[PDB]
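> The structure is given below, and queries will be raised subsequently.
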Amino acid sequence: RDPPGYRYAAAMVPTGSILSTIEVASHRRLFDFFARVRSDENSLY
Amino acid sequence: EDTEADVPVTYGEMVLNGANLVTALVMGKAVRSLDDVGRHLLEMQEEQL
Amino acid sequence: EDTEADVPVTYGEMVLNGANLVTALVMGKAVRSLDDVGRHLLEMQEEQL
């Protein structure tokens, strides 16, 4: 497996919004790099 | 409720022209529009939240 | 032969401020002098050997 974490500097400037909101973790298998965070985390920085 | 619909014509185009090219060759990666992300990581570094 | 040399005084510098910096944050790799290589990858590419 090669799940490289997403790129926060780029995602700091998004191209377009999502619309629907759902619990995401309910279905994971659509994605590759999937991460949950509680309110903040150290590696973000 | 209606018959004739209005529809966009053209596709979109993503070309590597510009500094986004150099990184493809030298850096080995690419970002969709780096001519903007590259920009707003400057102003943001100054102004506000 | 001689007792008094001529020596440089200041060090050099390498600073990320520039287009180099974006690639350090986004792409994640920083070439030493990018604003030059980035240039010379255009004029070279469009002209000659």
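Residues in the structure tokens are named by chain (A, B, ... in the order shown) and by number from 1 within that chain; ligands are numbered from 1 in the order shown.
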Would you mind aligning chain C to chain B, a least-squares fit over all C-alpha atoms taken in order, and returning the superposed chain as a PDB file with N, CA, C and O atoms, in the first residue's frame?

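The new file superposed-v8.pdb reads:
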ATOM      1  N   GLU C   1     -41.703  20.445 -17.895  1.00  0.00           N
ATOM      2  CA  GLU C   1     -41.713  21.888 -17.752  1.00  0.00           C
ATOM      3  C   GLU C   1     -41.221  22.613 -18.987  1.00  0.00           C
ATOM      4  O   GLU C   1     -41.858  23.583 -19.411  1.00  0.00           O
ATOM      5  N   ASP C   2     -40.108  22.186 -19.565  1.00  0.00           N
ATOM      6  CA  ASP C   2     -39.547  22.925 -20.677  1.00  0.00           C
ATOM      7  C   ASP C   2     -38.810  21.956 -21.580  1.00  0.00           C
ATOM      8  O   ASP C   2     -38.230  20.972 -21.120  1.00  0.00           O
ATOM      9  N   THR C   3     -38.881  22.225 -22.880  1.00  0.00           N
ATOM     10  CA  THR C   3     -38.297  21.348 -23.878  1.00  0.00           C
ATOM     11  C   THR C   3     -36.905  21.761 -24.345  1.00  0.00           C
ATOM     12  O   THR C   3     -36.217  20.944 -24.967  1.00  0.00           O
ATOM     13  N   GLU C   4     -36.444  22.966 -24.028  1.00  0.00           N
ATOM     14  CA  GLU C   4     -35.172  23.464 -24.550  1.00  0.00           C
ATOM     15  C   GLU C   4     -34.304  23.972 -23.413  1.00  0.00           C
ATOM     16  O   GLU C   4     -34.634  24.974 -22.780  1.00  0.00           O
ATOM     17  N   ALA C   5     -33.172  23.327 -23.191  1.00  0.00           N
ATOM     18  CA  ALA C   5     -32.295  23.704 -22.099  1.00  0.00           C
ATOM     19  C   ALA C   5     -31.292  24.752 -22.554  1.00  0.00           C
ATOM     20  O   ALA C   5     -31.233  25.128 -23.722  1.00  0.00           O
ATOM     21  N   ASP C   6     -30.493  25.220 -21.604  1.00  0.00           N
ATOM     22  CA  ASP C   6     -29.326  26.041 -21.886  1.00  0.00           C
ATOM     23  C   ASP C   6     -28.102  25.297 -21.395  1.00  0.00           C
ATOM     24  O   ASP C   6     -27.936  25.094 -20.189  1.00  0.00           O
ATOM     25  N   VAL C   7     -27.243  24.920 -22.327  1.00  0.00           N
ATOM     26  CA  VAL C   7     -26.165  23.975 -22.083  1.00  0.00           C
ATOM     27  C   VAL C   7     -24.850  24.682 -22.376  1.00  0.00           C
ATOM     28  O   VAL C   7     -24.791  25.489 -23.308  1.00  0.00           O
ATOM     29  N   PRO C   8     -23.786  24.426 -21.626  1.00  0.00           N
ATOM     30  CA  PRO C   8     -22.478  24.942 -22.018  1.00  0.00           C
ATOM     31  C   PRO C   8     -22.018  24.295 -23.306  1.00  0.00           C
ATOM     32  O   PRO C   8     -22.532  23.264 -23.737  1.00  0.00           O
ATOM     33  N   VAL C   9     -21.018  24.910 -23.915  1.00  0.00           N
ATOM     34  CA  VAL C   9     -20.588  24.499 -25.243  1.00  0.00           C
ATOM     35  C   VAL C   9     -19.186  23.923 -25.201  1.00  0.00           C
ATOM     36  O   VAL C   9     -18.963  22.784 -25.613  1.00  0.00           O
ATOM     37  N   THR C  10     -18.223  24.724 -24.773  1.00  0.00           N
ATOM     38  CA  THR C  10     -16.837  24.295 -24.742  1.00  0.00           C
ATOM     39  C   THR C  10     -16.537  23.452 -23.506  1.00  0.00           C
ATOM     40  O   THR C  10     -17.200  23.555 -22.475  1.00  0.00           O
ATOM     41  N   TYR C  11     -15.511  22.616 -23.622  1.00  0.00           N
ATOM     42  CA  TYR C  11     -14.949  21.918 -22.476  1.00  0.00           C
ATOM     43  C   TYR C  11     -14.114  22.895 -21.656  1.00  0.00           C
ATOM     44  O   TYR C  11     -14.063  24.092 -21.941  1.00  0.00           O
ATOM     45  N   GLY C  12     -13.443  22.394 -20.625  1.00  0.00           N
ATOM     46  CA  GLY C  12     -12.423  23.145 -19.919  1.00  0.00           C
ATOM     47  C   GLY C  12     -11.059  22.792 -20.486  1.00  0.00           C
ATOM     48  O   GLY C  12     -10.965  22.181 -21.549  1.00  0.00           O
ATOM     49  N   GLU C  13     -10.014  23.188 -19.769  1.00  0.00           N
ATOM     50  CA  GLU C  13      -8.645  22.828 -20.112  1.00  0.00           C
ATOM     51  C   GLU C  13      -7.798  22.771 -18.853  1.00  0.00           C
ATOM     52  O   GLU C  13      -8.082  23.467 -17.876  1.00  0.00           O
ATOM     53  N   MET C  14      -6.768  21.929 -18.874  1.00  0.00           N
ATOM     54  CA  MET C  14      -5.675  22.016 -17.906  1.00  0.00           C
ATOM     55  C   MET C  14      -4.369  21.800 -18.665  1.00  0.00           C
ATOM     56  O   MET C  14      -4.123  20.717 -19.192  1.00  0.00           O
ATOM     57  N   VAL C  15      -3.521  22.819 -18.681  1.00  0.00           N
ATOM     58  CA  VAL C  15      -2.287  22.801 -19.455  1.00  0.00           C
ATOM     59  C   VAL C  15      -1.126  23.066 -18.514  1.00  0.00           C
ATOM     60  O   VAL C  15      -1.238  23.878 -17.589  1.00  0.00           O
ATOM     61  N   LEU C  16      -0.009  22.385 -18.745  1.00  0.00           N
ATOM     62  CA  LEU C  16       1.149  22.546 -17.884  1.00  0.00           C
ATOM     63  C   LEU C  16       1.995  23.750 -18.226  1.00  0.00           C
ATOM     64  O   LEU C  16       2.899  24.070 -17.452  1.00  0.00           O
ATOM     65  N   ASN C  17       1.749  24.431 -19.336  1.00  0.00           N
ATOM     66  CA  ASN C  17       2.587  25.570 -19.692  1.00  0.00           C
ATOM     67  C   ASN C  17       2.518  26.578 -18.560  1.00  0.00           C
ATOM     68  O   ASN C  17       1.442  27.052 -18.197  1.00  0.00           O
ATOM     69  N   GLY C  18       3.661  26.890 -17.985  1.00  0.00           N
ATOM     70  CA  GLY C  18       3.722  27.857 -16.918  1.00  0.00           C
ATOM     71  C   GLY C  18       4.752  27.430 -15.898  1.00  0.00           C
ATOM     72  O   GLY C  18       5.494  26.479 -16.110  1.00  0.00           O
ATOM     73  N   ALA C  19       4.763  28.149 -14.777  1.00  0.00           N
ATOM     74  CA  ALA C  19       5.547  27.712 -13.635  1.00  0.00           C
ATOM     75  C   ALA C  19       5.189  26.303 -13.211  1.00  0.00           C
ATOM     76  O   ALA C  19       6.041  25.603 -12.661  1.00  0.00           O
ATOM     77  N   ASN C  20       3.954  25.881 -13.453  1.00  0.00           N
ATOM     78  CA  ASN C  20       3.585  24.502 -13.190  1.00  0.00           C
ATOM     79  C   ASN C  20       4.498  23.541 -13.930  1.00  0.00           C
ATOM     80  O   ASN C  20       4.844  22.484 -13.397  1.00  0.00           O
ATOM     81  N   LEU C  21       4.917  23.895 -15.143  1.00  0.00           N
ATOM     82  CA  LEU C  21       5.659  22.936 -15.945  1.00  0.00           C
ATOM     83  C   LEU C  21       7.005  22.610 -15.327  1.00  0.00           C
ATOM     84  O   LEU C  21       7.404  21.444 -15.310  1.00  0.00           O
ATOM     85  N   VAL C  22       7.718  23.619 -14.830  1.00  0.00           N
ATOM     86  CA  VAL C  22       9.030  23.380 -14.242  1.00  0.00           C
ATOM     87  C   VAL C  22       8.949  22.281 -13.195  1.00  0.00           C
ATOM     88  O   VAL C  22       9.668  21.279 -13.265  1.00  0.00           O
ATOM     89  N   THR C  23       8.051  22.439 -12.225  1.00  0.00           N
ATOM     90  CA  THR C  23       7.899  21.436 -11.187  1.00  0.00           C
ATOM     91  C   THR C  23       7.533  20.071 -11.743  1.00  0.00           C
ATOM     92  O   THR C  23       7.802  19.059 -11.090  1.00  0.00           O
ATOM     93  N   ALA C  24       6.927  20.011 -12.923  1.00  0.00           N
ATOM     94  CA  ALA C  24       6.657  18.710 -13.513  1.00  0.00           C
ATOM     95  C   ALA C  24       7.937  18.066 -14.011  1.00  0.00           C
ATOM     96  O   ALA C  24       8.104  16.847 -13.915  1.00  0.00           O
ATOM     97  N   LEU C  25       8.851  18.862 -14.550  1.00  0.00           N
ATOM     98  CA  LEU C  25      10.138  18.350 -14.989  1.00  0.00           C
ATOM     99  C   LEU C  25      11.142  18.173 -13.865  1.00  0.00           C
ATOM    100  O   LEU C  25      11.769  17.114 -13.778  1.00  0.00           O
ATOM    101  N   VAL C  26      11.317  19.169 -13.006  1.00  0.00           N
ATOM    102  CA  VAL C  26      12.334  19.135 -11.973  1.00  0.00           C
ATOM    103  C   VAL C  26      11.830  18.462 -10.705  1.00  0.00           C
ATOM    104  O   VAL C  26      12.236  17.342 -10.395  1.00  0.00           O
ATOM    105  N   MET C  27      10.949  19.124  -9.960  1.00  0.00           N
ATOM    106  CA  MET C  27      10.376  18.522  -8.767  1.00  0.00           C
ATOM    107  C   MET C  27       9.675  17.208  -9.058  1.00  0.00           C
ATOM    108  O   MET C  27       9.832  16.254  -8.292  1.00  0.00           O
ATOM    109  N   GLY C  28       8.933  17.121 -10.154  1.00  0.00           N
ATOM    110  CA  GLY C  28       8.283  15.873 -10.474  1.00  0.00           C
ATOM    111  C   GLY C  28       6.863  15.769  -9.990  1.00  0.00           C
ATOM    112  O   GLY C  28       6.338  14.662  -9.889  1.00  0.00           O
ATOM    113  N   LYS C  29       6.224  16.889  -9.680  1.00  0.00           N
ATOM    114  CA  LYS C  29       4.842  16.902  -9.238  1.00  0.00           C
ATOM    115  C   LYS C  29       4.206  18.173  -9.763  1.00  0.00           C
ATOM    116  O   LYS C  29       4.830  19.234  -9.779  1.00  0.00           O
ATOM    117  N   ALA C  30       2.958  18.073 -10.204  1.00  0.00           N
ATOM    118  CA  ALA C  30       2.309  19.229 -10.810  1.00  0.00           C
ATOM    119  C   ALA C  30       0.955  19.444 -10.165  1.00  0.00           C
ATOM    120  O   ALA C  30       0.056  18.621 -10.340  1.00  0.00           O
ATOM    121  N   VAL C  31       0.801  20.547  -9.435  1.00  0.00           N
ATOM    122  CA  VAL C  31      -0.495  20.897  -8.873  1.00  0.00           C
ATOM    123  C   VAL C  31      -1.371  21.460  -9.983  1.00  0.00           C
ATOM    124  O   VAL C  31      -0.869  21.966 -10.992  1.00  0.00           O
ATOM    125  N   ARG C  32      -2.694  21.356  -9.816  1.00  0.00           N
ATOM    126  CA  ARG C  32      -3.586  21.771 -10.893  1.00  0.00           C
ATOM    127  C   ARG C  32      -3.378  23.223 -11.274  1.00  0.00           C
ATOM    128  O   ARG C  32      -2.890  23.518 -12.370  1.00  0.00           O
ATOM    129  N   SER C  33      -3.750  24.153 -10.403  1.00  0.00           N
ATOM    130  CA  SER C  33      -3.493  25.561 -10.686  1.00  0.00           C
ATOM    131  C   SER C  33      -2.462  26.027  -9.676  1.00  0.00           C
ATOM    132  O   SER C  33      -2.791  26.335  -8.532  1.00  0.00           O
ATOM    133  N   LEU C  34      -1.212  26.109 -10.120  1.00  0.00           N
ATOM    134  CA  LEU C  34      -0.159  26.537  -9.223  1.00  0.00           C
ATOM    135  C   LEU C  34      -0.021  28.046  -9.179  1.00  0.00           C
ATOM    136  O   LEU C  34       0.152  28.608  -8.093  1.00  0.00           O
ATOM    137  N   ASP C  35      -0.100  28.716 -10.329  1.00  0.00           N
ATOM    138  CA  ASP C  35       0.115  30.156 -10.372  1.00  0.00           C
ATOM    139  C   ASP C  35      -0.877  30.914  -9.511  1.00  0.00           C
ATOM    140  O   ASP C  35      -0.641  32.085  -9.202  1.00  0.00           O
ATOM    141  N   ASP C  36      -1.975  30.281  -9.124  1.00  0.00           N
ATOM    142  CA  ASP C  36      -2.903  30.840  -8.155  1.00  0.00           C
ATOM    143  C   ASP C  36      -2.564  30.450  -6.732  1.00  0.00           C
ATOM    144  O   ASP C  36      -2.336  31.325  -5.898  1.00  0.00           O
ATOM    145  N   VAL C  37      -2.554  29.151  -6.434  1.00  0.00           N
ATOM    146  CA  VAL C  37      -2.106  28.694  -5.124  1.00  0.00           C
ATOM    147  C   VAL C  37      -0.792  29.352  -4.745  1.00  0.00           C
ATOM    148  O   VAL C  37      -0.629  29.845  -3.623  1.00  0.00           O
ATOM    149  N   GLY C  38       0.171  29.363  -5.665  1.00  0.00           N
ATOM    150  CA  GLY C  38       1.442  29.998  -5.376  1.00  0.00           C
ATOM    151  C   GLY C  38       1.285  31.436  -4.940  1.00  0.00           C
ATOM    152  O   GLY C  38       1.891  31.859  -3.955  1.00  0.00           O
ATOM    153  N   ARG C  39       0.470  32.199  -5.658  1.00  0.00           N
ATOM    154  CA  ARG C  39       0.110  33.529  -5.198  1.00  0.00           C
ATOM    155  C   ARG C  39      -0.494  33.473  -3.803  1.00  0.00           C
ATOM    156  O   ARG C  39       0.112  33.937  -2.833  1.00  0.00           O
ATOM    157  N   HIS C  40      -1.667  32.853  -3.677  1.00  0.00           N
ATOM    158  CA  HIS C  40      -2.414  32.892  -2.426  1.00  0.00           C
ATOM    159  C   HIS C  40      -1.635  32.335  -1.246  1.00  0.00           C
ATOM    160  O   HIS C  40      -2.065  32.531  -0.112  1.00  0.00           O
ATOM    161  N   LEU C  41      -0.513  31.657  -1.461  1.00  0.00           N
ATOM    162  CA  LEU C  41       0.351  31.303  -0.344  1.00  0.00           C
ATOM    163  C   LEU C  41       1.299  32.424   0.033  1.00  0.00           C
ATOM    164  O   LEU C  41       2.136  32.248   0.925  1.00  0.00           O
ATOM    165  N   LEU C  42       1.202  33.575  -0.624  1.00  0.00           N
ATOM    166  CA  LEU C  42       2.005  34.712  -0.203  1.00  0.00           C
ATOM    167  C   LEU C  42       1.137  35.707   0.552  1.00  0.00           C
ATOM    168  O   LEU C  42       1.378  35.975   1.732  1.00  0.00           O
ATOM    169  N   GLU C  43       0.132  36.267  -0.115  1.00  0.00           N
ATOM    170  CA  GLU C  43      -0.759  37.217   0.534  1.00  0.00           C
ATOM    171  C   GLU C  43      -1.407  36.656   1.789  1.00  0.00           C
ATOM    172  O   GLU C  43      -1.438  37.343   2.815  1.00  0.00           O
ATOM    173  N   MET C  44      -1.925  35.429   1.737  1.00  0.00           N
ATOM    174  CA  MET C  44      -2.369  34.796   2.972  1.00  0.00           C
ATOM    175  C   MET C  44      -1.267  34.815   4.013  1.00  0.00           C
ATOM    176  O   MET C  44      -1.483  35.251   5.150  1.00  0.00           O
ATOM    177  N   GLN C  45      -0.069  34.381   3.630  1.00  0.00           N
ATOM    178  CA  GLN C  45       0.996  34.198   4.605  1.00  0.00           C
ATOM    179  C   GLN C  45       1.381  35.512   5.265  1.00  0.00           C
ATOM    180  O   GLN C  45       1.761  35.536   6.441  1.00  0.00           O
ATOM    181  N   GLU C  46       1.264  36.618   4.541  1.00  0.00           N
ATOM    182  CA  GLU C  46       1.701  37.899   5.056  1.00  0.00           C
ATOM    183  C   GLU C  46       0.601  38.743   5.676  1.00  0.00           C
ATOM    184  O   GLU C  46       0.891  39.862   6.114  1.00  0.00           O
ATOM    185  N   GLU C  47      -0.644  38.271   5.726  1.00  0.00           N
ATOM    186  CA  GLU C  47      -1.708  39.118   6.253  1.00  0.00           C
ATOM    187  C   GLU C  47      -2.476  38.509   7.420  1.00  0.00           C
ATOM    188  O   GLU C  47      -2.213  38.842   8.578  1.00  0.00           O
ATOM    189  N   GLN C  48      -3.419  37.611   7.144  1.00  0.00           N
ATOM    190  CA  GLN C  48      -4.545  37.441   8.051  1.00  0.00           C
ATOM    191  C   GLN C  48      -5.117  36.037   7.940  1.00  0.00           C
ATOM    192  O   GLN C  48      -4.531  35.140   7.328  1.00  0.00           O
ATOM    193  N   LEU C  49      -6.283  35.868   8.555  1.00  0.00           N
ATOM    194  CA  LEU C  49      -7.107  34.674   8.448  1.00  0.00           C
ATOM    195  C   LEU C  49      -8.363  34.999   7.658  1.00  0.00           C
ATOM    196  O   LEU C  49      -8.971  36.056   7.857  1.00  0.00           O
TER     197      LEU C  49
END
> Near chain C, meaning an atom within 12 Å, which residues of chain A appear when counting only C-alpha atoms? Write them as a list in words.
residues 6, 7, 8, 9, 10, 11, 12, 13 and 45 of chain A
> Would you list the contacts of residue 5 of chain A as a list in words, taking every protein, DNA or RNA residue within 10 Å and counting only C-alpha atoms, but skipping same-chain residues closer than 6 positions in sequence?
residues 32, 33, 34 and 35 of chain A
> Residues as selected, N, CA and C atoms, written as a compact mmCIF listing (two decimals), in the first residue's frame, can you do that?

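Output file out35.txt follows:
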# COMPACT_ATOMS: atom_id res chain seq x y z
N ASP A 32 -8.66 6.53 -0.52
CA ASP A 32 -7.37 5.91 -0.29
C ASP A 32 -6.71 6.40 0.99
N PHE A 33 -6.35 7.67 1.06
CA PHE A 33 -5.86 8.23 2.30
C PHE A 33 -7.05 8.79 3.05
N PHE A 34 -7.34 8.20 4.20
CA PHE A 34 -8.48 8.61 5.01
C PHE A 34 -8.01 8.84 6.43
N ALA A 35 -8.35 10.00 6.99
CA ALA A 35 -7.83 10.39 8.27
C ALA A 35 -8.92 11.08 9.07
